[PDB]
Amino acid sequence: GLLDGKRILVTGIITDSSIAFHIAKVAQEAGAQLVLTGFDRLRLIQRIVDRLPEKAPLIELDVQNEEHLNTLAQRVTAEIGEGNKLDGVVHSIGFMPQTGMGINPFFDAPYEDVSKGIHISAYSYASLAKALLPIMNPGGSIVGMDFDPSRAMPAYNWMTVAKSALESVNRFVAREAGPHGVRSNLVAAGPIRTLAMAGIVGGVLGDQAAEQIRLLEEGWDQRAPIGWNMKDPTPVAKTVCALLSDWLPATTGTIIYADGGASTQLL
């Protein structure tokens, strides 16, 4: 298998539609041995982890908790065994309070809310790398999830600002990881109907926010030369696994687009 013998930590499972659930599933089917992390609802997440192809341990990680981060490497080592190291780390973590995602105008998001979203969505990519690089093997790989923020998307407002910060953080993490023999890259996915996003397109932040995301989704499918399936994150999961493998060993600090090609076309 593509990831035979690799030990990979995967953050970000909260539902069975989470991108991270599919990353974990595909990675296990490709031979990887996993450690999962979960935020807050650990019993809920454990029952989802129980549905993965193979048994894998779940440990707690709130990326806003300094003690969780400062103990993370030790707690991972407790699961994989002293002397064993990680080959891969997946950041699949995002959050922005509703005030920053269209329930009110762009200008009405208070900084306390924006700062919380940037903490979880962007700064924590550096936090996670800081915590785990000391227990990573040369040849290893850190991968984070991106949503192309090169143009303003009124569908996502301050989450797009957070992704712009994340892309910058990724390039600096590549610099830190390099001397360890470790790569850092982002996978920019098209829109996926995770439970949170299905709620927004469904109307939970109001009619206008629902229509804005729906228009974004519709344009995406029109632009993508190979199509885009918002109800199936498997192609995104495979792309993450490609970057976790040994097959892109000279790629670091970059963004790989798993978006059906929609970012490359203008209609």
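Numbering starts at 1 and follows the sequence shown.
Legend: mean Cα B-factor per stretch from the PDB entry, 128-136 versus 167-175; the higher mean is in 128-136. Comparing 53-61 with 214-222, the higher mean C-alpha B-factor in the PDB entry belongs to 53-61. Within the group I192, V76, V187, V89, the record's highest C-alpha temperature factor is found at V76.
The top Cα temperature factor in the record, among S121, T160, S141, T71, falls on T71. In the deposited entry, the Cα temperature factor of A152 sits in the bottom third of values across the chain's modelled residues.
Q208: CA B factor lies in the highest third for its chain, per the PDB record. Sorting the modelled residues of the chain by their CA temperature factor places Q46 in the middle third. Among the modelled residues of its chain, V114 has a C-alpha B-factor that falls in the middle third, as given in the PDB entry.
Among the modelled residues of its chain, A30 has a C-alpha B-factor that falls in the highest third, as given in the PDB entry.
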